[PDB]
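Taking full-length UniProt numbering, I'd label the letters of the sequence shown as residues 109 to 173, 187 to 230, 235 to 291, 316 to 335, 339 to 366, 369 to 398, 415 to 445, 452 to 479, 482 to 494, 510 to 516, 521 to 918, 928 to 1026.
Ideal placement from N, C-alpha and C gives every residue a C-beta, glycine not left out.
See structure below.
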Amino acid sequence: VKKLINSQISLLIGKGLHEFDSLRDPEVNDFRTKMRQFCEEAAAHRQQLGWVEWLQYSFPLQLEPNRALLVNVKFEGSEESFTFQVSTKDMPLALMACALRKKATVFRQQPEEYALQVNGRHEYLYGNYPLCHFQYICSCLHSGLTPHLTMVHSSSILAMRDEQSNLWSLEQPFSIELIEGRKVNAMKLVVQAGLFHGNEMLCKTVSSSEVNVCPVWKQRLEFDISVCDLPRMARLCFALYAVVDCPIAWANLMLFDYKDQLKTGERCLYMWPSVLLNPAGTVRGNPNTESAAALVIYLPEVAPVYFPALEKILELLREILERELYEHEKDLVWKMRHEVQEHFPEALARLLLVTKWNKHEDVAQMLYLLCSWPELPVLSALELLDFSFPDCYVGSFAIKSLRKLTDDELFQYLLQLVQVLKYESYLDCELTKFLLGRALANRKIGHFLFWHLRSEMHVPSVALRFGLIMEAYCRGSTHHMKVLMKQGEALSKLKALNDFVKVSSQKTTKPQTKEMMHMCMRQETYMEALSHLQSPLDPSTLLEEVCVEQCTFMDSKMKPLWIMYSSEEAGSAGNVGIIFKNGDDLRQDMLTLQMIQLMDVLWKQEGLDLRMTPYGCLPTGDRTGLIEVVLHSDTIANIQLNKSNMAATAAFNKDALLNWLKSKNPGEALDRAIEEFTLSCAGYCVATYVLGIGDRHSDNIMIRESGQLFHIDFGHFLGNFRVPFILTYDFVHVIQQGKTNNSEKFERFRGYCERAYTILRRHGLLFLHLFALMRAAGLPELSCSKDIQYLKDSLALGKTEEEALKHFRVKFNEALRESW
Ligand SMILES: Cn1nc(-c2cnc(N)c(-c3cnn(C(N)=O)c3)n2)nc1C1(c2ccccc2)CC1
């Protein structure tokens, strides 16, 4: 039992638990015991939660950021149902009462004892909220479907819960002895060092002696800083390069250990290959000890030297610049530090960037203001998670301020918070305890936290950390671990199936490959593995019976698979699909879609539903991911091919899109699809201009039969190949309802673009903090300031609301003139 769980975690996280112990590292050993225990206490509090609190954990509510409707209600142990004509202003409790009365009259004889489960879904409807505030109700009111819900009693939810149980006295200057190395190159070799407190130097970059390629130095490198004035998060960074410039390898390390003690004596640093100095990189050596260039160095003794505790630390024209600053302006902010705490608390980030981290008296002065610093908003707190604020007490404060994050806000920023783990100096950190804690209190946070870490297990710089966090998570969730093993089981099968489709497509016809994909899919093991799991894209979505005849593959380079599902219990809402792609990095796609989804949230909060399609996209492994099938859609390209004996047969290529809409929306149903198209077009015109989505062509823009426009293939963003605003004649034609001149519908569409644009600019900083935290990912198109800059200009964040609107009008007008 205890052994099987250990072998289950190993297979699931894709790294044997025997490997962690084989390193014999006390830090890895300390994190494992402490986090195992932390996660087991969370598991314990959970198994005692009330039945409603278990619904908030296992099935958290999907809420939207009057008018009549038909709803179908049945009960758990019967096929018998009742269809009611209720209102969007009614709470679930009233519908639950109607359902219990209709039961009493059929069965010839309390609502607070039930929850409404969404049929064939891991979704529920409970709490004091009108029906239209629920995502499932809106997805029914929009598509034209009748919600199907089952009355689940308190005892059946409790049965689920139960079945799912488990110092200053050192004034000398800092120095190291650079002994030798064991690398490969073909010239002389120089080892440049540097002391860093995040993205900033504590002193200048002291270089080494030019020793020949054949390498021994044995030099005492002296740094321009004192041993008493080393910050706790001091980072000694190295770089090895060849000269007659060519980078070879880099390596970083902390001067204090996880137990706050200054390190001694000999250190062999297994270096990471280079693409000058890299302070942002991992402080753990390359795990490929056999094929890695190593650097031996000495950490001289100073006699145990522990970093002082907080009790010792604690004992030891201004308004015009508060909206990069000069050396005199910095001195002003630092002298005024007490006034900044009391009258400008949100300016904290600017005060943290002016304190001299190269002087221990200055740090304690800053930290004294910080320990009495009032709580900052979520927006201020997301800025302090950057590697630009590396201090542990700053990070602890940032986490403290982020504790007020709702489960909806935390879920929206989970990708950025997972990325910040790459910046952490030590294994046991506040961020992990916060993620793991918040994961174990919410199965949906826990699901996605797992997939974010699992997706990168093949990346050796994070493999140890990500694997230890997943192991700690499984300790606190034995049932979920098995639920996620089922998802990896389907994915292991989709990878072997896709490898066959790849080989087969280069040897035979598509109908021949398709038929054999079906014969392989219909094998016992494939039928079991691909059916009856939760969707890695959405835990609330249940992938029940796999529809083998409806499955195929797409013709693009990597032969993506088209896997269809159906569920008897769910009805039409159970007809779902996933696209399995293997070969491309899907990280940037996920980020771009999450940023569009965030835009849709900020628009919906202000009462604007621009009819957006934020379809799921999730990396699951090495160059492997899933995309969500948006049902009843097709590319602009396909529609425009204009084939004969079809309902979309056009006399002119321009009419193809409008004829396609007419054929799918007959009669009075057409006018709504023109509005759907107009709103979605405006939202994607803003999203693509703001995010710099270039290289747009008819085969990467899609339309739903409902009229809704949306983009696919986000392989390029932030201007990478200054992208101008885009307007296609083929779309303006549809907005104008097939008229040459129609300004009434064009200006209302221009209004949508203007309104959408302004709303985004007000949260411009939120996109700025989130994209800055994202630099930790290693996306080749999100690597520097020139990438974050594109967003600063696209949103004209410097300018006022009226100045930016005119600048946008020039961008919107230049797109219209470019439209043939
Ligand atoms: C009908 N239909 N629906 C889609 C569809 C639906 N939802 C999506 N999210 C995406 C998507 C997103 N990214 N992406 C990608 N990178 O490839 C694809 N595509 N595609 C088709 C087509 C198809 C399907 C199967 C076999 C041949 C041709 C006609 C192309």
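Who are the near neighbours of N917 in its chain, counting only those whose CB is closer than 6 Å to its CB and skipping five residues on each side? The residue you call residue 917 lines up with position 720 of the sequence shown. Only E987 meet the Cβ criterion.
Measure the C-alpha to C-alpha separation of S577 and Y261 and round it to an integer number of angstroms. As a position in the sequence shown, residue 577 is number 380, starting the count at 1. As a position in the sequence shown, residue 261 is number 136, starting the count at 1. Cα-Cα distance, rounded: 33 Å.
By the three-class DSSP mapping on this structure, what secondary structure does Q242 have? For the purposes of this step, residue 242 is identified with residue 117 of the sequence shown, where counting begins at 1. DSSP places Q242 in strand when its eight states are reduced to three.
Is the beta carbon of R901 closer than 9 Å to that of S830? Sequence index remark: in the sequence shown, residue 830 carries index 633 (1-based). Sequence index remark: in the sequence shown, residue 901 carries index 704 (1-based). Yes; because the gap between Cβ atoms is below 9 Å, this pair is in contact.
I need the straight-line Cα distance from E148 to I898, nearest angstrom please. Start at 1 with the first residue of the sequence shown, and residue 148 comes out as number 40. Start at 1 with the first residue of the sequence shown, and residue 898 comes out as number 701. Approximately 47 Å, taken between the alpha carbons.
Per-residue burial, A189 [other beta carbons within 10 Å of its own, 16 or more giving buried]: The residue given as residue 189 occupies position 68 in the sequence shown. By the neighbour-count rule (16 or more Cβ atoms within 10 Å), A189 is not buried but exposed.
Three-state secondary structure (DSSP) at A189? Position 68 of the sequence shown, counted from the first residue, corresponds to residue 189. Here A189 sits in strand by DSSP.
Let's test the definition: count the other Cβ atoms within 10 Å of the Cβ of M761 and tell me whether it reaches 16, buried, or not, exposed. Along the sequence shown, read from residue 1 onward, the residue named residue 761 stands at position 564. By the 10 Å Cβ count, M761 comes out buried.
Determine the direct distance from the alpha carbon of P173 to that of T964, and round the result to whole angstroms. Within the sequence shown, residue 964 is the residue found at index 758, counting from 1. Within the sequence shown, residue 173 is the residue found at index 65, counting from 1. Those two C-alpha atoms are separated by around 18 Å.
Leaving out five residues before and five after residue 408 in sequence, what residues of the same chain have Cβ atoms less than 6 Å from its Cβ? The model of the chain omits the segment between 398 and 415, and residue 408 is among the residues lacking coordinates.
Is the beta carbon of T738 sitting closer than 9 Å to the one on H247? Translated into positions along the sequence shown, residue 738 becomes position 541. Translated into positions along the sequence shown, residue 247 becomes position 122. For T738 and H247, yes; Cβs fall inside 9 Å.
Buried/exposed call for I513, threshold 16 Cβ in 10 Å: Locating residue 513 in the sequence shown gives position 320, where the first residue counts as 1. Counting Cβ neighbours within 10 Å, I513 comes out exposed, since fewer than 16 surround it.
With a threshold of 8 Å on Cβ separation, who are the neighbours of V277 within its own chain once the five nearest residues in sequence on each side are excluded? One-based indexing of the sequence shown puts residue 277 at position 152. Closer than 8 Å at the Cβ level, and outside the excluded window around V277, lie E197, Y239, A240, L241, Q242 and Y249.
Whole-Å CB distance - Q431 paired with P482, under 8 Å assumed: As a position in the sequence shown, residue 431 is number 261, starting the count at 1. As a position in the sequence shown, residue 482 is number 304, starting the count at 1. Confirmed, Cβ separation roughly 6 Å.
Can you tell me the Cβ-Cβ gap for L256 and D211, rounded? I've got them flagged as a contact below 8 Å. As a first step, residue 256 must be located in the sequence shown, where it is residue number 131. As a first step, residue 211 must be located in the sequence shown, where it is residue number 90. Indeed they touch by this definition, with Cβ atoms about 6 Å apart.
Start and end residues, beta strand (DSSP E) containing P322: The count along the sequence shown starts at 1 and reaches residue 322 at position 173. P322 to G330 is the span of the beta strand (DSSP E), which, as asked, contains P322.
Could you name the residues of the same chain whose beta carbon sits closer than 8 Å to that of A388, not counting the 5 residues immediately before and after it, in chain order? Locating residue 388 in the sequence shown gives position 234, where the first residue counts as 1. For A388, where only same-chain residues beyond five positions count, the Cβ hits under 8 Å are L347, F348, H349, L354, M424, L425 and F426.
Where residue 368 and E1007 are concerned, what is the direct C-alpha to C-alpha distance, given to the nearest angstrom? As shown, the structure holds no coordinates for residue 368; the chain passes over it, running from 366 to 369.
Looking at the secondary structure, which residues open and close the alpha helix (DSSP H) in which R968 lies? Translated into the one-based positions of the sequence shown, residue 968 becomes position 762. Unbroken alpha helix (DSSP H) run through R968: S949 to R968.
For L974 and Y523, I'd like the C-alpha separation in whole angstroms. Here the question's residue 974 lines up with position 768 in the sequence shown. Here the question's residue 523 lines up with position 326 in the sequence shown. In a straight line, the C-alpha of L974 is about 23 Å away from that of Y523.
Since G912 and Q785 are thought to touch, with beta carbons under 8 Å apart, how far apart are those beta carbons, to the nearest angstrom? Here residue 912 corresponds to residue number 715 of the sequence shown, with the count starting at 1. Here residue 785 corresponds to residue number 588 of the sequence shown, with the count starting at 1. Going by Cβ atoms, the distance from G912 to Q785 rounds to 7 Å, so yes, they are a contact pair.
Taking 9 Å as the cut-off, decide whether the C-beta atoms of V938 and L1022 are in contact. In the sequence shown, the residue the question calls residue 938 occupies position 732. In the sequence shown, the residue the question calls residue 1022 occupies position 816. Result yes, Cβ atoms of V938 and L1022 sit closer than 9 Å.
Below 7 Å CB to CB, which residues in the same chain sit around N334 once its five sequence neighbours on both sides are set aside? Within the sequence shown, numbered from 1, the residue matching residue 334 stands at position 185. Excluding sequence neighbours, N334 sits near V365, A396 and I418.
Here's a check: name, in chain order, each residue in its chain whose Cβ is nearer than 8 Å to the Cβ of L171, leaving out the five neighbours to either side. What you label residue 171 is simply residue 63 of the sequence shown in a count that begins at 1. Result list for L171: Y254, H258, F259, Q260 and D605, in chain order.
Mind checking which residues open and close the alpha helix (DSSP H) that includes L423? Position 253 of the sequence shown, counted from the start, is the residue given in the question as residue 423. Here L423 belongs to no alpha helix (DSSP H); instead the beta strand (DSSP E) covers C416 to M424.
Beta-carbon proximity of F139 to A669, cut-off 9 Å: For the purposes of this step, residue 139 is identified with residue 31 of the sequence shown, where counting begins at 1. For the purposes of this step, residue 669 is identified with residue 472 of the sequence shown, where counting begins at 1. Yes, the pair counts as a contact, with Cβ atoms nearer than the cut-off.
Does DSSP classify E668 as helix, strand or coil? Position 471 of the sequence shown holds residue 668. Looking at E668 - three-state DSSP - the assignment turns out to be helix.
Alpha-carbon spacing of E201 relative to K195, whole angstroms: Within the sequence shown, numbered from 1, the residue matching residue 201 stands at position 80. Within the sequence shown, numbered from 1, the residue matching residue 195 stands at position 74. Using only the alpha carbons, I get a separation of about 6 Å.
Would you identify the three-state DSSP class for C391, choosing helix, strand or coil? Taking the first residue of the sequence shown as position 1, residue 391 is located at position 237. Correct three-state label for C391: strand.
Does the stretch 852-864 come close enough to the stretch 766-779 that 3 or more CB-CB pairs lie under 8 Å? no
Alpha-carbon spacing of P736 relative to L607, whole angstroms: Taking the sequence shown and counting its residues from 1, one reaches residue 736 at position 539. Taking the sequence shown and counting its residues from 1, one reaches residue 607 at position 410. If you take the alpha carbons of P736 and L607, they lie about 17 Å apart.
For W371 and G461, the rounded distance between their alpha carbons: Taking the first residue of the sequence shown as 1, we reach residue 461 at position 285. Taking the first residue of the sequence shown as 1, we reach residue 371 at position 217. Roughly 21 Å between the two C-alpha positions.
Just the C-alpha distance for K340 and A469, rounded to the nearest angstrom, thanks. Within the sequence shown, residue 340 is the residue found at index 188, counting from 1. Within the sequence shown, residue 469 is the residue found at index 293, counting from 1. Rounded to the nearest angstrom, the two C-alpha atoms are 16 Å apart.
Residues of its chain near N639, where Cβ-Cβ distance is below 7 Å and the 5 sequence neighbours each way are ignored: Counted from its first residue, the sequence shown places residue 639 at position 442. For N639, where only same-chain residues beyond five positions count, the Cβ hits under 7 Å are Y165, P168 and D604.
Under 9 Å between the Cβ atoms of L319 and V478? Here the question's residue 319 lines up with position 170 in the sequence shown. Here the question's residue 478 lines up with position 302 in the sequence shown. Yes.
Short check: CB of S359 to CB of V342, under 9 Å? On the sequence shown, residue 359 is found 207 positions in, with the first residue counted as 1. On the sequence shown, residue 342 is found 190 positions in, with the first residue counted as 1. A contact, by the Cβ cut-off of 9 Å.
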